[PDB]
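Given next, in structure tokens, is a single chain: the form deposited in one PDB entry.
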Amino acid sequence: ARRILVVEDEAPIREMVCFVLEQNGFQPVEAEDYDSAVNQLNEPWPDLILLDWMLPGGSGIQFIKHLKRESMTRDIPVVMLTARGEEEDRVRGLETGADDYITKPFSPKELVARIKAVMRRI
């Protein structure tokens, strides 16, 4: 119920995210790229995925769209991680299937708020 898959290749950033999550009672799981993220999709299944738009190895769009093909993954909420500004406004306009978005450098308060709100919904 608190298994959060964190898909971010930059170590310090990925660690900042995991620290905020762990300190807040969540159980973070790390992935550094498209394929390693895909390798985490099995029981126990992530309850939420934080997806870096710029993850190496593939398209964040296809990653999300491919989740909708199976029972155990189609209702997992995905929050797209985006760089503040241009990328953000831009990615928001794409057909990604993301349930919500969070901008980097991230705000610990926004990270927890959006995860709380997204899970309440989805």
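Position 1 is the first residue in the sequence shown; the rest follow in order. Heads up, when I say rigid core I mean the largest set of C-alphas that superpose within 1.5 Å between the two forms.
Quick note: we don't show the form deposited in another entry, though the next part is all about it.
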item: Large Cα shift (2 Å or above) at residue 75 between the shown form and the other one, core-fitted; value: no
item: Residue 29 C-alpha moves between the shown form and the other one by 2 Å or more, core aligned; value: no
item: Core-aligned C-alpha movement of residue 47 between the shown form and the other one, 2 Å or more; value: no
item: Cα separation of residue 75 and residue 93 in the other form versus here, shift of 3 Å or more; value: closer
item: Pairwise C-alpha change, residue 93 versus residue 64, in the other form against this form - closer or farther, 3 angstroms or more; value: closer
